[PDB]
Structures are given as structure tokens and as C-alpha cells.
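[1] Any chance you could fold what I've pasted below:
(7 chains)
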Amino acid sequence: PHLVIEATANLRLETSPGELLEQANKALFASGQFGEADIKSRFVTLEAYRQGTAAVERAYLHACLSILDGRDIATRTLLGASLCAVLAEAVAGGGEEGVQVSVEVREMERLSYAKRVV
Amino acid sequence: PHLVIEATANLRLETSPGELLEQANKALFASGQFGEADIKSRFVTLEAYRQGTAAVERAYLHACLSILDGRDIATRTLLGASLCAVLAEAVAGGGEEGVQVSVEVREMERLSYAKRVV
Amino acid sequence: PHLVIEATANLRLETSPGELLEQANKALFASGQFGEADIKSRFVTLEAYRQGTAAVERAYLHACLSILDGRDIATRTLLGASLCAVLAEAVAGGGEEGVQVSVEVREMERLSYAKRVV
Amino acid sequence: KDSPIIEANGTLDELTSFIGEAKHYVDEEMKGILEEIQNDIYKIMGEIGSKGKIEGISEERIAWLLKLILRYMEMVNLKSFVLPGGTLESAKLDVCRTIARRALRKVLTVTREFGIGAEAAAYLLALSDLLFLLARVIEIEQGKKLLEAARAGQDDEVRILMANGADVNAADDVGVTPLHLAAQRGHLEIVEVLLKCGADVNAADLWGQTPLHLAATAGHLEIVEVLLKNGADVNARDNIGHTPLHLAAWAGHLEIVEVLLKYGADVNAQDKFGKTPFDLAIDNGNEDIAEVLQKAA
Amino acid sequence: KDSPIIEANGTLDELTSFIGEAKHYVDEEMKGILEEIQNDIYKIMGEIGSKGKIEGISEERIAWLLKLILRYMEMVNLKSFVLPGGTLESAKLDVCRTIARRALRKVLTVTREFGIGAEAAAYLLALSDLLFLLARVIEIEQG
Amino acid sequence: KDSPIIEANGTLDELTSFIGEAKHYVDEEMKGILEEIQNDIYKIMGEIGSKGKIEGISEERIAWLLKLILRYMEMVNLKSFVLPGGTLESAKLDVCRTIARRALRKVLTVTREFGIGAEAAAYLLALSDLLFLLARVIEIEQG
Amino acid sequence: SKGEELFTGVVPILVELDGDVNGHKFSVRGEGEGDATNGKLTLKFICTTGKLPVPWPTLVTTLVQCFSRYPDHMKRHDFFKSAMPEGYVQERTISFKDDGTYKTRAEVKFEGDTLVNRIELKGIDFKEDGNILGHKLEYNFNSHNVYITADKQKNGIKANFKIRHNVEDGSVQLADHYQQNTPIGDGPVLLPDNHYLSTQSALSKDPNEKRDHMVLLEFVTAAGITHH
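    Numbering: from 1, shown residues only, chains lettered A, B, ... in the order given. The coordinates are given below.
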């Protein structure tokens, strides 16, 4: 499970970027799907960005969870709804109007995925 | 619709990085597929990069468009050909030879995709 | 073929970030699947990151290889096992325990992929 | 020779036939566009007929349609659902559009069977979005000529343009209807023949005026009588708040004040400044229009 | 998104286009009829496009066509087989009629699969019987 | 009542409608030809509608088209690919031609299922080769 | 005579402004039409350089008094029309109370069939957080009297008036106006007795316009001369 969280530059968070990641890892491990040490997450702050064609100033947050496949649609839907509630509660606001939070859940392929421990 | 545009560091653009994104959002919204406020795009400038094994100095540009699934192959092919013509006209040049522009179009899954508006 | 290599900030490499990419492009081109000039790779150094819920300090390395589809599972499995052996030999160490290296191999779709040479 | 390949060529040959039937009704500019779209449909028929062994269109062509779509999409101001065939010419291009959607569904079966003609089906999808814009540009071009004929004051040329299906409610950038310009210039038969087709009587422009407002301040009695017979608001308000009675007392025409008064004009009204029409009559010093307006109050 | 739903909307959009091409050759009375038939074909495209989740036409409309068919069926004195396209104007309404029979066969596949649009297919069947009478009234008004 | 028999009659009724729309733009000579082609399409619709229990066209008629094709094929001097619709009149006969190729593909499914209408499908194949020559003669008479 | 006859119908108007206030340069273009017989006018202005550095209401008086209604008994006092088509130069000094000043120079003249108002504006000494540079003025306008007097030595006229701009906090920003007009051509013009123009302006927005803009309706009538 890789968690990539991409927030714009003008988005204000309730917490620091590092504390947002601790809350998002406890919400993934509480689903019982993933090992403890296998949950790897990273936070990226965008600089050049645009939303829509309007001149309104906006901000957005996006998270892409990559999990190995072999899980039904009930488990994947619960991982998107579990993270989106963690992120939406860390957003104080930004820009001139509402912030949009979204979470994608995509399946890596299990056969071609290689892993080693140095 | 998320648009991630990744250009190398030595690639010279006709315009600024921010103006390249306004032109790329008008080319996506002009296809009538997407809402106005749902088109979200971001621009990333690479630092450590290599192309090929040759010692020739090169530059490249890449865009990955993520759209929710449920669209036929005629719509996805027209979104790649509509953006690739927007990016290729913003590239002045870079490196010692031709610049390569490419656009991927990938489908998010509609059931497991969660979205909220703070 | 796009190769995105994402290493944390505390991970120490045997070599420089630029020399790790030359070794990873020779290992992809040595599989005879890809053209010489079509192998494009980029290296990204993370800042805010967390692995697991434990207070142990850790480091990890991850590479995502994107190749156009139409290749069997024997070719994709050999590309993951060929890169994972190149990355794992460039890692000196980091954090308080073993470094985890992993390589995903994902297929772009061939019909909707647009490419031009300026 | 397969069933999906022969149906796909049969419809692309039926598509390029309607475009040849429909390029004799357009002007000289769009005729140069519709001739270059027939050459491109003749290339696609070779790609699909040979199952790919021949080169189809390049991607340089799908990038050519998208230059056009972005040029006309500015001229066309989108609106609610409007029925196809506004004019006769734009009715020919709405038949060609619905053939291009049927050709898209056939070429898109060849793709999901033989894996060929993916960049062809992306040309037919951009094409049918262009033919929708070319159809809505022609109606507009017809609608601006009605404004020009209403400003020219032509008796028969307005009816000629109206019999070809031009819009009765075609607006400008400043928001004026042909009824506005017809009532302003002072052509009574043009207001009659525009009201007989069903022009909206109480249209608002960007300054908030009404045809009764311009008809009152222009001094044409017959257009006031005709517009009040056909249901104009007697107490319409512009951006400042002047009634037809306000501009009628401002301009110094007594008989149009009588005509407004017969159909129930509000004397007790005010504007944003606070002045009644009697006050604007007093401010000018005309004694008669101050006497008639005060006696009916 | 299914194959039968997309074909059924493709033909109802092709039908309402010919009616817009054919309403410029008729007189002022039949033009008011042909404009109210285009509005009704635009309602049917919503019923079928959404797989029923939107209201289609009411039954008050199918009772409106049948008022017209019984009104013209008296003017038209039926005769032997007469070739379509007596005049130029009545040739345009015989092309529109044969499209409405092809739309009927598509909407009638949606009905025998998804159980929807039964009162829509009963509108296209009464429509193609009206366009046959409007075509034979024009020939007589020319005669 | 079968699906292939109803589609085949639906398109032959759509073909003979365009020919009625397209015979008002031609001269007096080709108008006598296009009126005798509509009578023949009305015979084919009986052969196919009844699944063969009625006589369709004779072979004397397929020998009548081939007299015409050999008469116009001399007037027309063949050239490279030329886009359809040179004039307005020859644009109407190029729409009728591409309907006759779609009717040919429907009648040719009835043949490969019910074994009927083989000499009908040979009439629609010679027809769509005649409508291609009538379209190129009109362009030359204008030239 | 030949002047006033140019205004008997509806006349197209073009307005062009080049401005510089406290070193902030901007441009405005406006288009519309005028009905001088009734003294009613309509114009839409667009900021062609982005967002204006000053409030639209401060530009209203700068942005065609030839469209004023001069009633018949005052026809001898219409300097503005008499100068047409060659036109006149209009110069103003506008002093904003407790703030900066605008100096303007405009040429008002026919170019073909169109009445053109082409303006140069320079503003200095404005306060950073004052009502003008701080954009604290309401988007509306009051009615005013423009007091005119002959300037015979300059074959022209002078005017004085005080504009009252409503401020968003309920206060009033005064803008004192001095004006002088001189013919562009060398031909004779009407030089009026003392009188004034009564002016009303209605500001609005175009719902379909994305650029910084102002829609303006204005009526102008001349008074200050007793009728007989």
C-alpha cells in the first residue's frame, strides 16, 4: 500500500504535513488489510497548478492509494471512504471557495510486482 | 480529470509553466466530456533525469490524464490527440535534438473513487 | 517505457542520483524490448514521508515502470526482476533498519497513447 | 470480407455522400471546409477497407479538426435545447451530423474486433462535434441579417428572411431584439410582422429597457398603440427605473401620454432618484403635460 | 451504455433531424404540427437515454396524434398503390416516414430487452401513420 | 415475421423513397428511367415480404438494366477518384446510390438464411451500378 | 447648424482611455450609442489591461457632453455640438478630498460616422489605503449639476462641479472638478451664457462579461436658463 497525497500550495491544513501522514496511516492499518510495516506514504506539495477555466482562486487535495490486486470491490470501496474522511478533516481551507478532496484506489498487479529487503 | 504534466529541466517552453496549464485546461474542457470545475491539472519540473543510454543531451515532455472509466476508446483517443497538440505547440526546444511529447490516458475506477467537498 | 524512481530523503545511495539512472537504463535496454532513445527515466527525492505506524526510523526505494501493453507476463516479470537487482545494488543503507526496494510494472494502453516529435 | 468490415465501409461511403449533398447550401468559406472533410473520409475508407495494410489518416489531421472546433466554439453562444433545422441550410448539416454518429458506431465495432482504426474513430468523433458547431453558426449568420434588415427598414426583405426560418428572438452582444430596433427606428409594419410571428414583447437588453420604453421616447404613436394592444407591460422599469410614462413626460409628446394613460399607467410610481413623472414634467416646465398628468392622479 | 440503448438514441436523433429538414417545405398549418412532433421526439430520447429514470411522454400526447389521424383520414380518399414522391414537398415527407419505421424497430428492441419505452414505441407507431397521411394530403392540395 | 425478413423490407421501402425524392431534380429522359426503377423495387418488396410465395421480378428485368449500363458506360469516360456531389442534381443521385448498397447488404442476409430472393439481390447489385453511371452523366451534361 | 444636425438621430460612440495613476498604467475601451435629442446614452466599457487600479466610479466623469439634451429655448448655448465634427479638447483637474488628483486631457470629435472620446489620464499623490487605491467606493453614482461659463478669450468654456462618491462604509468621498473646453477646429463656435447640465448615471454589469467592465446608462439635460 502506497499512499501519495498531492496538495496544492495554497491549501491550509489543520495540522503539519507530517502529522497528516500519521493520521492517514492509522486509518489504513485499522482496516486490517495491510501489514504494519508495509504501509508507505508520502506527501507532495504542488507549485504550478490550475483548476478549471475560471479566474476564481481554488485549492484541491488528492490521494492515490495503490494496493496489490486480489481484493473485492467491497474492500477497495472501504479504503477510499476511510481515507477521504481522514483528509477532509485535516483541511482548514484555501483559495476563495470550497476545497475538493478526492481519493483514488488503484490495483497493482500481483504477479509482476517484485520486492526485496536490503 | 487530473492532468499531470512532467517536463525535464532543460526543456524550453514558448510560455511560462503557468500559462501552459491554462491552454491545456481549455483543450480538455472543449471536448464536452468534463465539468468546468472538475478539470484539475498540475505541472512538475524534473531535476535528475536520463533518456536512453547515449551520451547525447535530450529533453522530453510527458502528460498523464486520469479520467473515470466508462468511456469508449473513441473518446479516450481524442483526449490524447487533443492534448498532444496543445503540448507540442508550447515546446520551443531543448537539448541537442528533437523534443519528444507524449500523452497517456488512463481510467480510474468509478465505484471505488471517493470524492467530497469540504 | 517511463521509469519513475522515488527515494526517501534519508536513503544513502552507493552512487549519485544521476549515476543510478544510467545503470537502470542499461538494464532496461539490455532486455531487447525497447528502443534506444525511447527509454526515459526520472529520479524524485521525497521530503515528507512515513512508513508504518511504528516510531522506528526507516527508508525505502520504489520504482514504477510504465510500458505500452501488448507484452506477455513473462516479459513484464523479467523487467521487474531486472530493475530490482539494479536498484538494490545501489542502496548503501538508511534509517535504523533494512531498506525495502520494490518495482511495479504497469501497462499503458496502446490505442489512446499519442506521441509526437517536435 | 468480414461482416464488420463491410458494414463499416458501407456507412463511411453513405456519410461522404450526404456531405456532398450538403455542401451546395453553404457559403464559400464553409464550402472550403466541407471539401477538405470529404477528402479525409476517403482516406479513412482505405484504412478500414484494407484492414490496416494501408496508411490511414495521420494525427496531423485530428489536430486540424481541433483547431476549427476551438475557433467556432467562441462564435456560438450555447443555449438550451434547440430543435434541429432552424433554417433550411442548417437543416442539411444536422442530417449530416446524425450520419456521422452512425458511422462512429460502425467504425467503433471494427476497432473492438480487429484492433484497427482507433485514430480513425477519433476523427469521426471530432468531426461530429464540428458539424454541430457549423450548424449553429449558420443560424446565427442568418439572425444577424434580420437585425440589419430591421435597421434598414425594408418591407419585403424582412418577410423574405422570416420565411426562411430566421430566429425572431435573435439577440446581439448588447442584447437587442429585432423588435427593439424596429420600435426604435419607427417602422410600424415591421413591428406588426415581427409580432405576428411571435417575438417576445418584454425582452430586456443590457440596459434593462423594453420596446415600450424606446417606442415612448422615440415619439411613434402607432407602435405604442400596437405594442399596448399586444401585451406590453405598461409599468416596465429600466436600469434607473423610468417607466414609459417617465420617458413620455421627459420627451414632451402629449398624445403618447394619453395612450399610456388609457391602458392604466401608474402615476403614483417613483424611480431610484425618487421622482414621479409629474416631477419630471415640472422640472422641464411644460405646463400642459403637468396639467394632464396631475388631473388623472 | 448498453448496445441496444445507444442504437435506440442514435436513430431517434436521426429521425428528429429529417423532420427539421422536411418542415421547411410544408405550409403554415402543417408546420405547426411538425414542430410539435419534434418536441415530442426530444422527450422520448430522455426516457430511453436514462433507461426509464426520467419521465417520458404522457398518454395525453398519444391521444393527441390520434385526434389528427382521424381528421385527415377523411380528406384522404384511399386508392391503389401510388408511388412515393408525387410532388417535391410530399417526397420529403415520405423520406421522414421510412425513418420513423426504422426508429420503431430500434425502440422496439429496447422494449423487448429492458422492458422500458413501451408507450414510446406506441408513439413512433402512430407517428409513422400520421406522416403517411400528411404526405397524401399535400399531393391532393396540389391536385 | 422473422428478424431478417422485417429488416430487409424496411430498407427496400427506404430505398424507393429516396428515388422518389431524387427524380424531381433530373431531366425528362432520366425521369422515365427512375420511374421504372421504383416499380421494380415495389415488386422486390413482395418477393421478400412473403418469403417467396409471391413471384418477384422476372429475369427479363435484370436484362433490362444491363442494356442501360452498357449504353451509359460509353458516355462516361472513367477518371481518378472524384468526390461525390459535383452538382446539386448529381448529389441527390449519390445519396440514392449509397442506400442501394445498404439495401443490398440486407437482402443478402435474407438469401443466406431463407434461400429466397437471389434474383432480387442480383437486381439491387445491378441497380447500384446504374445509379453510379446516372450520377456521372449528369455532371458531364453540366460540363 | 451643421454641428447640431450630426446629432438628430442615434450616433455610435467610441471611448478610449490611456491612464497612469501612481505609476499604475491601464487602458479602457468603451462602445455604445447616444440620443442627444433626448439626452439618453448607453455605453459598455472594458478594461483592456486586466483589473483597474482605481474604482470604475472615479472614471465616470472622464469617460461626451455633446449628447446633452439642450431644449429648444437653450439651443444658442450648446457649445459642444457647435464644435462638431472637428470637435473640442476637454481638460480637467479632479481633486479627491484628502487624497490624490487626476489630470485629464481628451479630444472629442467625429471619426467617420462615430463620435470619439479619446482620453489621457494622469493621477498622482494617491494614498495606498485611501478610498481610491484601496477600492473602497460603492459601485453606484449620484446625480450632479455641471456649472458652465463662457471662456471667451479662449473661444471656449469652463465648468466647475463637485462629485460625491458613496464609500462602502457609509461615508462620502468628494471629488472636486475643474473643466475647460476649447475647439479643435478654427471655425466659429457658440459661446453660451452661464448655465448648467443636470446629469444622472446608472451603473451596472453585463452577466456574460468575464473581463473587468462597466455598463453605463446616462441622461443629460441642460438647464439654468429661465424659460419664457
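
[2] how about the residues of the stretch 1-150 of chain D near chain G?
    For the stretch 1-150 of chain D, the contact set with chain G under CB under 8 Å from any CB of the partner chain comprises residue D:77. Every residue, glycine included, has its C-beta placed from N, CA and C.

[3] does chain C sit close to the host helix or strand of residue D:148?
    Assigned by DSSP states H and E, residue D:148 belongs to helix D:118-152. Yes - using CB under 8 Å from any CB, helix D:118-152 reaches chain C at residue D:118.

[4] Tell me the helix or strand right after that helix.
    Using DSSP H and E, the helix or strand that follows helix D:118-152 in sequence is helix D:155-162.

[5] right, is the biggest helix by length in chain A up against chain C?
    When chain A is parsed with DSSP state H, its longest helix is helix A:73-87. No - shown here: helix A:73-87 not in contact with chain C (CB under 8 Å from any CB), separated by at least 13.2 Å.

[6] roughly how far out does that helix sit from the chain middle?
    Averaging C-alpha positions (CA atoms, centre = their mean, to the nearest Å) puts helix A:73-87 10 Å from its chain's average.

[7] So which residues lie in contact with that helix, not counting its own?
    Helix A:73-87 is contacted by residues A:3, A:5, A:20, A:23-24, A:27-28, A:30-31, A:33, A:61, A:63, A:65, A:67, A:101-105, A:107, B:109, B:111-116 when judged by CB atoms under 8 Å, 6 or more residues apart in numbering or on different chains.

[8] Mind listing what's buried along it?
    Going by neighbour count (16 or more other CB atoms under 10 Å in any protein chain shown), the buried part of helix A:73-87 is A:76, A:77, A:78, A:79, A:80, A:82, A:83, A:84, A:86, A:87.

[9] Then stretch D:26-41?
    By neighbour count on 16+ other CB under 10 Å, the buried set for stretch D:26-41 is D:26, D:30, D:34, D:37, D:38, D:40, D:41.

[10] secondary structure element for the residue in chain G that chain B sits nearest to?
    Closest approach of chain G to chain B (CB to the nearest CB) occurs at residue G:210, with a separation of 12.7 Å. Per DSSP H and E, residue G:210 falls between elements, in no helix or strand.

[11] Counting neighbours, what do you get for it?
    If you count neighbours by other CB atoms under 10 Å in any protein chain shown, residue G:210 ends up with 9.

[12] hang on, it packs against residue G:46?
    No - when contacts are counted by CB atoms under 8 Å, residue G:210 is not listed as touching residue G:46 (10.2 Å).

[13] Can you tell me the closest non-neighbouring residue to residue G:179?
    residue G:159 (3.9 Å; CB to CB, 6 or more residues apart in numbering or on different chains).

[14] Now do the contacts for the one you found.
    G:146, G:147, G:148, G:149, G:177, G:178, G:179, G:180, G:181.

[15] With residue D:264 instead?
    Residues near residue D:264 by CB under 8 Å, 6+ apart: residue D:234.

[16] just residue G:69 next, same as before
    G:36, G:37, G:38, G:39, G:219, G:220, G:221, G:222.

[17] how far away is the residue in the stretch 151-297 of chain D positioned nearest to chain A from residue A:75?
    Residue of the stretch 151-297 of chain D nearest chain A, by CB to the nearest CB: residue D:173 (20.4 Å). Residue D:173 sits at a distance of 56 Å from residue A:75 (criterion: CB to CB, to the nearest Å).

[18] How about the residues of chain A by chain G?
    So chain A meets chain G at residue A:55 (CB under 8 Å from any CB).

[19] how about the helices of chain A, start to end?
    Counting by DSSP H, chain A has helices at residues A:17-29, A:73-87.

[20] how about the first one, does it reach chain B?
    Okay, so that is helix A:17-29. No - contact between helix A:17-29 and chain B is absent, the nearest approach being 12.7 Å (criterion: CB under 8 Å from any CB).

[21] could you dump that helix to PDB, C-alpha only?
    Written as PDB, here are the backbone C-alpha positions of helix A:17-29 (Å, rounded to 0.1, in the frame of the first residue of the first chain):
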ATOM      1  CA  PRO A  17       2.200  17.900   6.500                       C
ATOM      2  CA  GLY A  18       3.900  15.300   8.600                       C
ATOM      3  CA  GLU A  19       1.100  14.900  11.100                       C
ATOM      4  CA  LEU A  20      -1.400  14.400   8.200                       C
ATOM      5  CA  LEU A  21       0.500  11.300   7.200                       C
ATOM      6  CA  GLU A  22       0.500   9.700  10.700                       C
ATOM      7  CA  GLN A  23      -3.300  10.100  10.800                       C
ATOM      8  CA  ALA A  24      -3.600   8.600   7.300                       C
ATOM      9  CA  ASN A  25      -1.500   5.600   8.100                       C
ATOM     10  CA  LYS A  26      -3.600   4.700  11.300                       C
ATOM     11  CA  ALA A  27      -6.700   4.900   9.200                       C
ATOM     12  CA  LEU A  28      -5.300   2.400   6.600                       C
ATOM     13  CA  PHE A  29      -3.900   0.000   9.200                       C
END
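
[22] Filter the contacts of helix A:73-87 down to the ones in strands?
    If you go by DSSP state E, these have A:3, A:5, A:61, A:63, A:65, A:67, A:101-105, A:107, B:114-116 in strands.

[23] residues in contact with residue G:191?
    With CB under 8 Å, 6+ apart, residue G:191 has these contacts: G:79, G:150, G:152, G:155, G:156, G:157.

[24] again with residue D:10
    D:106, F:98, F:101, F:102, F:105.

[25] Tell me how far the fourth one lies from residue D:12.
    Residue F:102 sits 12 Å away from residue D:12, going by CB to CB.

[26] Return the residues of the stretch 51-200 of chain D in contact with chain E.
    Neighbours of chain E within the stretch 51-200 of chain D, by CB under 8 Å from any CB: D:81, D:83-85, D:87-88, D:91-92, D:94-95, D:97-99, D:101-102, D:105, D:164-165.

[27] Show me what from chain D comes close to chain C.
    Residues of chain D lying near chain C (CB under 8 Å from any CB): D:59, D:111, D:115, D:118.

[28] same check, this time on chain A
    Residues of chain A lying close to chain C (CB under 8 Å from any CB) are A:2, A:17-18, A:21-22, A:25-26, A:29, A:36-44, A:66, A:108-109, A:111-118.

[29] Can you say which of those residues are buried?
    A:2, A:21, A:25, A:29, A:37, A:39-44, A:66, A:108-109, A:112-114, A:116, A:118.

[30] just those that are near chain D?
    Among those, none lies close to chain D by the criterion of CB under 8 Å from any CB.

[31] Measure how buried residue D:21 is and give me the count.
    21.

[32] Contacts only, for it.
    D:92, F:85, F:88, F:91, F:92, F:94, F:95.

[33] can you do 10 Å?
    Residues counted as contacts of residue D:21 (CB atoms under 10 Å, 6 or more residues apart in numbering or on different chains) are D:92, D:95-96, F:22, F:84-85, F:88, F:90-95.

[34] Check residue G:16 too.
    Going by CB under 10 Å, 6+ apart, residue G:16 touches G:27-31, G:48, G:63, G:106, G:116-120.

[35] at 7 Å instead, please
    Each residue near residue G:16 by CB atoms under 7 Å, 6 or more residues apart in numbering or on different chains is listed here: G:29, G:118, G:119.

[36] And for residue G:205, the neighbour number?
    If you count neighbours by other CB under 10 Å, residue G:205 ends up with 13.

[37] Please verify my assumption that it contacts residue G:212.
    No - when contacts are counted by CB atoms under 7 Å, residue G:205 is not listed as touching residue G:212 (10.2 Å).

[38] For residue 44, which residues count as its bridge partners?
    Going with chain A. In this entry, residue A:44 is beta-bridged to residue A:6, by DSSP bridges.

[39] my question was about chain G
    residue G:31, residue G:215.

[40] Next, format the buried residues of helix A:73-87 as TSV and append distance to residue G:172.
    TSV is the format used below for these (distance: CB to CB, whole Å):
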residue	distance to residue G:172
A:76	64
A:77	61
A:78	62
A:79	61
A:80	57
A:82	58
A:83	55
A:84	52
A:86	53
A:87	49
